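Report on the structure given below.
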Amino acid sequence: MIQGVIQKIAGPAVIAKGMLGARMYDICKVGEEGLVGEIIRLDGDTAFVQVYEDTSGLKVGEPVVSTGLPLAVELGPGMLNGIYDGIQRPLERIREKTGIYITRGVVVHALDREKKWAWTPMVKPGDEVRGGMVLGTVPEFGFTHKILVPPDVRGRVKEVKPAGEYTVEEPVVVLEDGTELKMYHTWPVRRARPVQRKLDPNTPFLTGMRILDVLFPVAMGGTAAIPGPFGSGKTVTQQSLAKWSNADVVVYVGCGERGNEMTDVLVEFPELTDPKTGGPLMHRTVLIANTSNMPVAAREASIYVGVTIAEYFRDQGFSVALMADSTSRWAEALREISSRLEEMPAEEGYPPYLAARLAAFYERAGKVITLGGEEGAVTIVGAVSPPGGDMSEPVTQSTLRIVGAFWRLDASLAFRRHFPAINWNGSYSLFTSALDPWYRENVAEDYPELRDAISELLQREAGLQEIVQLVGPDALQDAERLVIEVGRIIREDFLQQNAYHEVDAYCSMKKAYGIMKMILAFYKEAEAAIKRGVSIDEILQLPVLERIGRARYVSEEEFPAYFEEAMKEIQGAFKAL
Amino acid sequence: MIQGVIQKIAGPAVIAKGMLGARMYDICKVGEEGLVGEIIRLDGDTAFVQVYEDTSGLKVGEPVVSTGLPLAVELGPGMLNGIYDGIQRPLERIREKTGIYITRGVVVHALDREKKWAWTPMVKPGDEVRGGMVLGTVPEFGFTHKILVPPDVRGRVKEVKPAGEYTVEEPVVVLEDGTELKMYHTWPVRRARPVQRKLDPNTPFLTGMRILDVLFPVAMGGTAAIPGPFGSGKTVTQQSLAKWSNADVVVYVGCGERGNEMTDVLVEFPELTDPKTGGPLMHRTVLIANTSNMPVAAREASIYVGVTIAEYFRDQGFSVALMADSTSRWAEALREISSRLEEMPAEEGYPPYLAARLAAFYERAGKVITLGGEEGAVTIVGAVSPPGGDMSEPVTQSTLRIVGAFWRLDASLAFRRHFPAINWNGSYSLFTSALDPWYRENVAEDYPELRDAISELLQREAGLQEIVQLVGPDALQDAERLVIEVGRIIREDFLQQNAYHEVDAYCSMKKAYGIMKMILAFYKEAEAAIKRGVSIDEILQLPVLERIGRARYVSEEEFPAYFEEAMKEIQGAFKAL
Amino acid sequence: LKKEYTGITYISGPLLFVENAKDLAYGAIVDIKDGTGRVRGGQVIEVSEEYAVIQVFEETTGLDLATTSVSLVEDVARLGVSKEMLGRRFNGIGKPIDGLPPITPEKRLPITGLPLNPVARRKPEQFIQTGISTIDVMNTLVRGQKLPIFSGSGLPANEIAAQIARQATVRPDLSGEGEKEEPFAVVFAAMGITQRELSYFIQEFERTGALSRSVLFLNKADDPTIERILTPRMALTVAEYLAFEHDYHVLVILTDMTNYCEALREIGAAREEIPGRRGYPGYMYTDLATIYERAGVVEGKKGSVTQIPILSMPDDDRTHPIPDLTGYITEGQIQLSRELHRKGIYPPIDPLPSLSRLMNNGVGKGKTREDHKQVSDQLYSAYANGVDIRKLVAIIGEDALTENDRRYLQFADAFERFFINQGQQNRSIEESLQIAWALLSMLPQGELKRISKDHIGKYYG
Amino acid sequence: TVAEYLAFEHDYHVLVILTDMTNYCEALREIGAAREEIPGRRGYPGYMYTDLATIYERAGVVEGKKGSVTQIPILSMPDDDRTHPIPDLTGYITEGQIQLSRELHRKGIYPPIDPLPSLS
Amino acid sequence: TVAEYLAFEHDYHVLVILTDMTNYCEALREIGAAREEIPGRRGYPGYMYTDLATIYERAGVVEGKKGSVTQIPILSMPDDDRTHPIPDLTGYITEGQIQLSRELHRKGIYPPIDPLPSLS
Amino acid sequence: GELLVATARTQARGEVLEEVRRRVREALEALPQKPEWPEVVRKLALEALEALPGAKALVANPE
Amino acid sequence: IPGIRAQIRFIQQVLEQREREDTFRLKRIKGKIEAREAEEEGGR
Ligand SMILES: Nc1ncnc2c1ncn2[C@@H]1O[C@H](COP(=O)(O)OP(=O)(O)O)[C@@H](O)[C@H]1O
Ligand SMILES: Nc1ncnc2c1ncn2[C@@H]1O[C@H](COP(=O)(O)OP(=O)(O)O)[C@@H](O)[C@H]1O
Ligand SMILES: [Mg+2]
């Protein structure tokens, strides 16, 4: 299309002359090996082509061939049960071509061109189509994978392929303006997929953890951010969300973390079972992995490919989760490509437009009515890892102004193994005032007042922690020692949850309502007994708070009979005093 | 002899032009006077000289003449009993030549070129010489200064000039190559002198101070670092290391420290006497002084000249001790030339190669076999000056990864005039386990176990001191008061030197072992007296505690009978209780 | 042939600028020779159509501009590797310093490695016991793991690394296979050690006899401060070769990575480059990542790489960028404590700031014992109770505490004297779990809430 | 300018509620670093005080007319400290403050205004 | 210069009182921040040690002459600590210190000196 | 002892490779007395001119 | 109270020092940008 030669090489930087008329953010091919570069900062007749592999062995004067089209994913049937990298190339075909290392510049296609799919059509000839109307249907891993008209593409249908078995290259619809419509379509990643309307959130993203569903909920069309220092437990939390949530598809985006944690996800998932379907669990997850040493300027593309795949599965009526980990590695990738632009940096070396990039990424969520007539959602869980363990960073202070449901993981609750290590003194969730009618219909009737009782009692506990760190555990009254001990058994029997035990990994909220009603009945009858007046040491040695402490290791299956027995013993253990 | 002119003057940095072919790190005579500079940052045909003297009053046009040699010291007979500055010029000859003010631009030779030295050859015609072998001795004061082959010279001896008395410039050996070996020889100061093999250090550097060889010893081939803020002494500790040691020669290099210390060392050392051979003490000191108001780039070369002269006396078999005072002033000298040279800094102005420079300095210490077969060692005690307290400085933590022994002074422990101010809660030494067979042969049999009991008692005292400060003096039952009082006797009787008393300054290992055995026998027999019902306040005014307390003043000759008499007093003073 | 280039424009620090060099490839090795015939390594880190920047791998003393031809060698930087280097010693450039002949290179690999494919990895899964009781019980070292030893400035990190070198073994009878005992092959990558630590490592490896299985890339402290960049890459090249083409079980000891990060700070400050935190550059995460993530096991092959980096934490924290980013790339750390070494405990491993993210893959039922994870969790909770009750003792004093509060205080120091403290003894995993139950028997039931009822019924006492 | 127009040419009383003054200051820092000018204190631009007083001090009644612009700026404090430059300079231009409290909210009170740090 | 003249030409016994070093170091920080050099531990320049030492090492006595230039600098701790650059880069040069205290001044004792943190 | 036998083996193996290098060094030193010597020298000069596009000077010996 | 005041003053001094280092690096890189636009104006 447009030709040039390499002028200068520096790491992830190829400044290239001879290119006048090239456009910004359009994908070039660098060198004779055909590396995949993207243009930033074109001037004169040059272009600062950054590259998505390692330039190590490139000489100057090698040709640079532009294309004039931006970074296009290929969106169609076949992305499920798949591992991709930051330019959407399937890593399994790269494994089959190369050895066990990933050599630069090998080209493969993001969808199989030789697997035959089952096309069942749902449009008659002479029918009108707009961008977003469904055309046919392909069954895929038990899902009913629709096939969309590409947006901005309009017209009248001339002819349709019959019900059969065809490949993703076969033109399944031929319109009246000569335009064929295939099973897939290319799409630039830096554009939000156009949509009909954004709704308001009234349904929770059920994590399966007790604290992050009771105290800090996330609505289905909402963002969420979970920071913490290294050793807190971000990644095991996000794999638990990928393993036990009520989402149709889960786009797990490894944006600059280790590869061992991704081999773990590829191995321990196909044994497991999707709860909403009956099938396996790797049959619903799309997995975009750009590891630590896989090259640095591909992380921006790897964080956009995941979100446009999640928007594609939003446009089919599904209900998508996205888990993007270590977005400060994406900010550091922007800093490292900024380091050779020699453009003037903001606080701590980051480029100035970082907050605008984070905003225009996190605003691609949110429970829409699509152009096809159905509703969908993308909910984003972003892990923001600060460098010094300090949340005054320019990345974290630009994340926590646009996310709802911000979740600080501390390290002092993580030294003692208290998982998940959600700090309660500084984490917040704003969706508690639009999930009230959903709770009051689908969990219980007194569930917001019971959640507020828990939060008010934990606030009194963390108020009295001043006095217990200053004066001592004694020189305190019996009622406030009751408050401290009940807060401690809340944090040990309702908040703490280990994600490796067979029981107590997935905890649906009937069990969480049960545990909170146990603890609040214990607290109310204990404070009534302690204002009647008994000793506290003959309260705190009952065989019923051991029942509460083991009430989270019992199964979901027989749970309400156990809850009835716990309530009967919780009146019959203060009957005796 | 590449000759050019000045193009630019900027501080003490002369950017000369017309030099195309001058080698990097040569020494070029800058100015019409004959000033001395070192050349870095070649550019086109434009050098970057730094001068070593002051630079005011120069112009643009004056010739700079490149000698084509690196910074070379001269090594040979006539360096002991001598003072130099940072480029090895004798200060007595300058004081004789120009006045009582160190003027700019005067060239006196390092070794005096007219003293008649006796020569006694140890080679004959038809022998072969390698690098580092002996060619014969010269008697200097009461030493036996054997002269070396230069370490890059070998061949076959063609003639030897006979026995008599000569001058250091006169060529005494002629090889069968046309080359002639003189008495002195030049050596490039930054290239480290070679060795055959480095051994492990297993013999202690006896320093005459009780704590610095009993609790934190340093071997003959090891390194030690002394921090300390102002008013923490450190100068009397360096001078006590210089006065009272077992090392045969001492190179005292002071880079950026006040002149009153140097005139103290120069005036009073011809009156003292080393306890190994008699005569003066000043006949084993090479002192390289560079006062604060002397120029700020010569501080860099003062350290390398000191350590190259120390390796020169190490190659002759002598065990050398190098006291390098104020290496942080050398760090500020590198900061000054770096910020003159317009580099980007790291961690408060210091250049990023700082710890590599400090490793290159502290690596030259060791215990080697020389090239001439015999065995030698050199040990470096480096006084670091942090700004105030503040052991998190770049130079302190950059020298902390290298040094084998760390001797931390305090201000609060020195504002109570407890000299030396060695904080034993933070100081350490890695040479304790390696110096154990030398101890078990040459001081006692149970000597490591005894000072491990001392260290246990001091850690116990310092741990219990906190609750003593909290609750007051009362609540300690019986024997913890004894732990306080024995710890007070230790830190007022064993750890507290004077260094100005005529017999308390030097303390050999036998007297320190004796005082240690006194204190532990007092403690064991007092605990045996307190396990039977004797009041703790009764024990603390027995007279034998005074016989322990004044036992740092009994002399080396008068000690052992006094030790045995204090042992029988320790026995016969608790029989009445 | 052998092309040359004269015309060096500018030499300063570690850098020199050749010009009219369009044929120097990026990342290529050059050799520089002056009038005295001595050659010096170097590598290109920028190529233009005008000129080309070169970093110098040795000391830059003696160069000039009327001479010093710069010639090209090895288009991309490569190490020639054979199998015959299992007893040798090498410097930072990769040349033998033992008086022995140079090797016969079978293959020649690129030094920087290629990133390992996440589809073709395997889970690091097989239990290594190391003898150290804290690492065996509480922070498990599993074969195929990266875990650095975060140490202080005077702490004995080198002795703990040498102890894990001399006694780490896998026990297959617990695992269920037997199948052989082929021992480890050590690759010892030393960056700027000071002949004291070097003499300790060499004397330890020669008394145990491991030098007939171990290659040593020694880069001593006086050697120039740029080839510390090259040292871990040309050590993990040999590690990847000997693990993934000849099926050994290579254990790499990456000594003192703070010198590597110092060398990167030097070469990043000489390039006028965007700092990160405390002056270290932007790409330090990527370079520590492409050292560390060249380890693990692969799928369908036999080998294993186990990395133990050693860290000198500058002001003994987890906030400096070197131990911080090291802990971000790696999977778990083992952190040493200044308090326990002042108390005289070896190995002074405090288990609270240390962890191992691959513990759950390689412990438990049929792989160690049925109680391993639960014993670990109860030790963590009870020793945390001891740690934060010592602060309460420091606040109010002991004689306002009751008895169960004092049992935790007895558990904490009995723990520190008996479980942690062991002088050079090889306590295996069964005896260490026995001592763990002997310390848990200082606490009554009802206060052991993380151990199942049949375990606490049959192991207690 | 719409509020000041309405109050000073149609004599209304106008209440102007400015939501999230932290996002304004972060965008101001962003545009400073885009326009290539040096960050002053704490990374914020040096001219932040006058460029913030320009959008505070356009309030105020005026003698001789009948309009009145009242102004409520609302700002998220970054880490609940009033030593940060954004609430520092806002409290150093404005007339007192009211302060929403963390405790009264998450033990359940709406609106959570405690009157101990507030001031008019 | 006047003191060196008197004591090394006419054999006087000059005592030189330099009454404020905080103003001298502030003045050095003012005019020294014009050559565009990176500053030091507080904002004071890198060369401040050499600059203070070239006006402190000009004290001292010379053999062969009966003269003497003894010096008393007087410097205020800007806040009451010894870890500020002016007191510690005076204390690294000079021959001791004599330190005024505030405990001995609120109790009405002139000259307020505690002799514990002071030595020669 | 096993390091002794292995290092003796590898140095004995190395010096024979050194003497093979000696033989080829001398057999390439004694190449300029051969009838295909201008052929091989002009072939190498053609390659040296080929790898450097458009040379100016060509340095050769008086022989 | 004064121990925590000493810690807070130490932390504010060292954080202000880090801020001063970074706003020196920003002035140096602005000098590099203006030198890159101005030195290659004449020679081009
Ligand atoms: N929810 C959880 N339940 C049980 N264990 C957890 C949980 N979260 C973290 N952990 C433990 O903490 C360790 C650290 O987890 P990880 O997420 O890898 O750290 P990071 O947050 O730095 O990525 C893991 O090895 C895991 O065993
Ligand atoms: N003195 C120097 N020596 C070597 N490299 C430098 C020097 N000064 C700046 N650089 C580097 O040269 C690069 C030039 O930037 P630019 O021309 O935009 O990119 P590129 O050279 O990759 O096309 C900068 O990224 C900078 O890091
Ligand atoms: Mg992680």
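Lettering and numbering for the structure tokens are positional, with chains as A, B, ... in the shown order, residues counted from 1 in each chain, and ligands counted from 1 in the shown order.
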
**Report entry** Exercise answer, chain E residues close to chain G, 12 Å and only C-alpha atoms, as a list in words
**Finding:**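 So the contacting residues turn out to be residues 36, 37, 38, 39, 40, 41, 42, 43, 44, 79, 80, 81, 82, 83, 84 and 85 of chain E.
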
Query raised in the report: ligand 3: which residues are within 10 Å, counting only C-alpha atoms and all ligand atoms, as a ChimeraX atom specification?
Result: /A:228-238,254,256-258,261,325-326,383-385 /C:327-331,357

Take the residues just selected and output them with N, CA, C and O atoms as a compact mmCIF listing (two decimals), in the first residue's frame.
# COMPACT_ATOMS: atom_id res chain seq x y z
N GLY A 228 -4.24 -4.25 45.50
CA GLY A 228 -3.55 -4.86 46.61
C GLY A 228 -2.09 -5.07 46.27
O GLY A 228 -1.72 -5.21 45.11
N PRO A 229 -1.23 -5.07 47.28
CA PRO A 229 0.19 -5.38 47.05
C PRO A 229 0.39 -6.84 46.68
O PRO A 229 -0.52 -7.65 46.72
N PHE A 230 1.63 -7.16 46.33
CA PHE A 230 1.94 -8.53 45.93
C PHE A 230 1.95 -9.43 47.16
O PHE A 230 2.52 -9.10 48.19
N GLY A 231 1.27 -10.57 47.04
CA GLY A 231 1.02 -11.42 48.18
C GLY A 231 -0.35 -11.27 48.80
O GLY A 231 -0.67 -11.99 49.75
N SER A 232 -1.17 -10.35 48.29
CA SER A 232 -2.50 -10.15 48.86
C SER A 232 -3.44 -11.27 48.45
O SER A 232 -4.17 -11.82 49.28
N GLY A 233 -3.45 -11.61 47.17
CA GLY A 233 -4.43 -12.56 46.70
C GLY A 233 -5.37 -12.00 45.66
O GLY A 233 -6.56 -12.34 45.66
N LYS A 234 -4.87 -11.12 44.79
CA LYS A 234 -5.68 -10.60 43.70
C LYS A 234 -6.02 -11.71 42.71
O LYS A 234 -7.19 -11.88 42.33
N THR A 235 -5.01 -12.45 42.27
CA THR A 235 -5.16 -13.34 41.13
C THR A 235 -5.98 -14.57 41.49
O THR A 235 -6.78 -15.03 40.68
N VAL A 236 -5.83 -15.07 42.72
CA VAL A 236 -6.63 -16.21 43.14
C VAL A 236 -8.08 -15.80 43.33
O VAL A 236 -9.00 -16.57 43.02
N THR A 237 -8.31 -14.57 43.78
CA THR A 237 -9.66 -14.01 43.82
C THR A 237 -10.27 -13.93 42.43
O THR A 237 -11.42 -14.35 42.22
N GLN A 238 -9.51 -13.44 41.45
CA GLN A 238 -10.08 -13.29 40.11
C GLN A 238 -10.25 -14.62 39.40
O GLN A 238 -11.17 -14.77 38.60
N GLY A 254 -5.06 -11.67 30.80
CA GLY A 254 -3.79 -11.59 31.48
C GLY A 254 -2.97 -10.52 30.79
O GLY A 254 -2.34 -10.78 29.77
N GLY A 256 -0.02 -8.70 31.22
CA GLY A 256 1.27 -8.52 31.86
C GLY A 256 1.37 -9.14 33.23
O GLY A 256 1.79 -8.48 34.18
N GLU A 257 0.99 -10.40 33.37
CA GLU A 257 1.39 -11.15 34.55
C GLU A 257 2.06 -12.45 34.14
O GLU A 257 2.38 -12.63 32.96
N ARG A 258 2.28 -13.34 35.09
CA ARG A 258 3.07 -14.54 34.84
C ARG A 258 2.30 -15.54 33.98
O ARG A 258 1.08 -15.44 33.81
N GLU A 261 0.49 -18.90 36.11
CA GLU A 261 -0.89 -18.72 36.54
C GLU A 261 -1.88 -18.89 35.40
O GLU A 261 -3.08 -18.97 35.66
N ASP A 325 -6.32 -8.31 34.61
CA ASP A 325 -5.44 -8.17 35.77
C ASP A 325 -4.21 -7.31 35.47
O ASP A 325 -3.72 -7.26 34.34
N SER A 326 -3.75 -6.62 36.52
CA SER A 326 -2.55 -5.79 36.53
C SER A 326 -2.57 -4.74 35.43
O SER A 326 -1.75 -4.73 34.51
N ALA A 383 -7.85 -5.44 38.12
CA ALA A 383 -6.88 -5.52 39.20
C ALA A 383 -5.82 -4.46 38.95
O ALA A 383 -5.12 -4.51 37.94
N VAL A 384 -5.71 -3.51 39.86
CA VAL A 384 -4.77 -2.41 39.75
C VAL A 384 -3.69 -2.65 40.79
O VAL A 384 -3.91 -2.44 41.98
N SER A 385 -2.51 -3.06 40.35
CA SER A 385 -1.45 -3.39 41.30
C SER A 385 -0.52 -2.20 41.47
O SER A 385 0.18 -1.84 40.52
N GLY C 327 9.24 -9.44 43.75
CA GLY C 327 8.09 -10.13 44.29
C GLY C 327 6.88 -10.10 43.39
O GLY C 327 6.01 -10.97 43.49
N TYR C 328 6.78 -9.11 42.51
CA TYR C 328 5.66 -9.10 41.57
C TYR C 328 5.81 -10.15 40.48
O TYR C 328 4.83 -10.82 40.14
N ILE C 329 7.00 -10.30 39.89
CA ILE C 329 7.14 -11.30 38.82
C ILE C 329 7.07 -12.71 39.40
O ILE C 329 6.32 -13.57 38.90
N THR C 330 7.80 -12.97 40.48
CA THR C 330 8.02 -14.31 40.99
C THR C 330 6.74 -14.88 41.60
O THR C 330 5.70 -14.22 41.69
N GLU C 331 6.81 -16.14 42.02
CA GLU C 331 5.74 -16.82 42.73
C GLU C 331 6.22 -17.16 44.13
O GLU C 331 6.80 -18.22 44.39
N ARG C 357 3.41 -19.35 46.19
CA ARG C 357 2.13 -19.42 45.50
C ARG C 357 1.86 -20.77 44.86
O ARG C 357 0.72 -21.03 44.47

Query - Surrounding residues as a PyMOL selection string, ligand 2, max 10 Å, only C-alpha atoms and all ligand atoms - result: (chain A and resi 6-16+41+46-50+336-343) or (chain B and resi 343) or (chain C and resi 10+12+15-17+45-48+52-55+267-274) or (chain G and resi 29+32+36)

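The space between CA of residue 380 in chain A and CA of residue 222 in chain A spans 7.0 Å.
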
**Report entry** Close residues, range 64-78 of chain E itself excluded, 6 Å, only C-alpha atoms, min 2 positions apart in chain, as an MDAnalysis selection string
**Finding:** chainID E and resid 7:8 11:22 59:62 80

For chain C, which residues have at least one atom within 7 Å of chain B, if we go by only C-alpha atoms? Write them as an mmCIF file with N, CA and C atoms, in the first residue's frame, please.
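What ended up in result02.cif:
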data_model
loop_
_atom_site.group_PDB
_atom_site.id
_atom_site.type_symbol
_atom_site.label_atom_id
_atom_site.label_comp_id
_atom_site.auth_asym_id
_atom_site.auth_seq_id
_atom_site.Cartn_x
_atom_site.Cartn_y
_atom_site.Cartn_z
ATOM 1 N N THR C 9 32.813 8.651 17.059
ATOM 2 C CA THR C 9 32.660 10.081 17.266
ATOM 3 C C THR C 9 32.798 10.481 18.728
ATOM 4 N N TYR C 10 32.338 9.643 19.652
ATOM 5 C CA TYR C 10 32.087 10.086 21.019
ATOM 6 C C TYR C 10 32.191 8.897 21.957
ATOM 7 N N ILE C 11 33.066 8.981 22.957
ATOM 8 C CA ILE C 11 33.196 7.942 23.974
ATOM 9 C C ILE C 11 33.012 8.598 25.329
ATOM 10 N N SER C 12 32.062 8.102 26.120
ATOM 11 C CA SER C 12 31.908 8.574 27.490
ATOM 12 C C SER C 12 31.144 7.534 28.288
ATOM 13 N N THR C 61 38.996 2.388 29.785
ATOM 14 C CA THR C 61 40.264 3.086 29.931
ATOM 15 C C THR C 61 41.207 2.718 28.794
ATOM 16 N N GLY C 62 41.769 3.731 28.140
ATOM 17 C CA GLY C 62 42.767 3.520 27.114
ATOM 18 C C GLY C 62 42.286 3.672 25.690
ATOM 19 N N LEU C 63 40.996 3.895 25.472
ATOM 20 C CA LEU C 63 40.505 4.085 24.121
ATOM 21 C C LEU C 63 40.856 5.482 23.628
ATOM 22 N N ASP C 64 40.821 5.654 22.312
ATOM 23 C CA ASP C 64 41.029 6.953 21.690
ATOM 24 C C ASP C 64 40.276 6.966 20.367
ATOM 25 N N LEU C 65 40.484 8.011 19.569
ATOM 26 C CA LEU C 65 39.708 8.185 18.352
ATOM 27 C C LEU C 65 40.542 8.165 17.084
ATOM 28 N N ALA C 66 41.866 8.119 17.186
ATOM 29 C CA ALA C 66 42.693 7.932 16.003
ATOM 30 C C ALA C 66 42.857 6.465 15.636
ATOM 31 N N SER C 153 21.171 -7.010 54.923
ATOM 32 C CA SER C 153 22.526 -6.641 54.548
ATOM 33 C C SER C 153 23.582 -7.490 55.231
ATOM 34 N N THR C 194 32.335 -10.840 46.427
ATOM 35 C CA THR C 194 33.525 -10.131 46.877
ATOM 36 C C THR C 194 34.605 -11.055 47.421
ATOM 37 N N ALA C 221 33.515 -8.828 41.848
ATOM 38 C CA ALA C 221 33.130 -7.444 42.103
ATOM 39 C C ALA C 221 34.028 -6.456 41.372
ATOM 40 N N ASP C 222 35.316 -6.770 41.239
ATOM 41 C CA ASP C 222 36.233 -5.877 40.541
ATOM 42 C C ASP C 222 36.065 -5.916 39.026
ATOM 43 N N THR C 225 31.220 -3.425 35.401
ATOM 44 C CA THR C 225 29.855 -3.384 35.893
ATOM 45 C C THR C 225 28.806 -3.323 34.794
ATOM 46 N N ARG C 265 20.350 0.394 36.292
ATOM 47 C CA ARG C 265 20.180 1.803 36.631
ATOM 48 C C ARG C 265 21.291 2.644 36.027
ATOM 49 N N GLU C 266 22.509 2.099 35.997
ATOM 50 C CA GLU C 266 23.628 2.757 35.327
ATOM 51 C C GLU C 266 23.365 2.935 33.839
ATOM 52 N N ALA C 269 20.499 5.342 33.180
ATOM 53 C CA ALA C 269 20.803 6.737 33.452
ATOM 54 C C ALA C 269 21.824 7.310 32.488
ATOM 55 N N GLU C 272 19.593 8.776 29.222
ATOM 56 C CA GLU C 272 18.626 9.858 29.448
ATOM 57 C C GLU C 272 17.189 9.339 29.353
ATOM 58 N N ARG C 278 12.713 5.649 42.550
ATOM 59 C CA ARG C 278 14.082 5.763 43.071
ATOM 60 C C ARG C 278 15.148 5.686 41.979
ATOM 61 N N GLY C 279 14.851 6.185 40.783
ATOM 62 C CA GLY C 279 15.857 6.333 39.755
ATOM 63 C C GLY C 279 16.033 5.149 38.834
ATOM 64 N N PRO C 314 17.571 -3.292 50.178
ATOM 65 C CA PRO C 314 18.453 -2.181 50.565
ATOM 66 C C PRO C 314 18.193 -1.641 51.957
ATOM 67 N N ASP C 315 16.979 -1.200 52.249
ATOM 68 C CA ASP C 315 16.721 -0.768 53.613
ATOM 69 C C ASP C 315 15.729 -1.738 54.232
#

Query raised in the report: If we count only C-alpha atoms, what is near residue 95 in chain E at a cut-off of 10 Å, once residues fewer than 2 positions away on the same chain are taken out, given as a ChimeraX atom specification?
Result: /B:231,258,260-261 /E:90-93,97,119-120

Report task. Quote the spacing between CA of residue 31 in chain D and CA of residue 300 in chain A in Å to one decimal place. Result -> 22.0 Å

Report task. Have a look at CA of residue 178 in chain A and CA of residue 133 in chain A and let me know their distance in Å, one decimal. Result ->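 Spanning CA of residue 178 in chain A to CA of residue 133 in chain A is a straight-line distance of 18.4 Å.
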
Requested in this report: Would you mind listing what lies within 12 Å of residue 440 in chain A as a list in words, with only C-alpha atoms counted and same-chain residues fewer than 4 positions away left out?
Outcome: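 Using only C-alpha atoms, the neighbours found are residues 202, 203, 433, 434, 435, 436, 444, 445, 446, 447, 448, 449, 450, 451 and 513 of chain A.
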
Requested in this report: Write down as number ranges by chain the residues belonging to range 347-460 of chain C that are assigned alpha helix (DSSP H) by DSSP computed on the backbone.
Outcome: C: 372-396, 403-418, 429-440, 453-458

Enumerate, in order of chain and increasing residue number, the residues of chain G with an atom no farther than 8 Å from chain A, each with its shortest atom pair and distance in Å to one decimal, counting only C-alpha atoms, as a tab-separated table.
residue	atom	partner	partner_atom	distance
G:22	CA	A:348	CA	7.8
G:26	CA	A:344	CA	7.5
G:29	CA	A:344	CA	7.4
G:30	CA	A:344	CA	7.4
G:33	CA	A:342	CA	7.6

Query raised in the report: Which one is closest to chain B: E:89, E:113, E:3, E:27? Count only C-alpha atoms.
Result: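 Of all the options, E:89 lies closest to chain B.
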
Taking a cut-off of 7 Å and counting only C-alpha atoms, can you build a table that, for each residue of chain D near chain A, reports the nearest atom pair and how far apart they are in Å (one decimal), sorted by chain then residue number, as CSV?
residue,atom,partner,partner_atom,distance
D:30,CA,A:352,CA,5.0
D:33,CA,A:346,CA,5.7
D:34,CA,A:352,CA,6.1
D:36,CA,A:344,CA,6.1
D:43,CA,A:347,CA,5.7
D:106,CA,A:455,CA,6.6
D:107,CA,A:456,CA,4.2
D:108,CA,A:456,CA,7.0
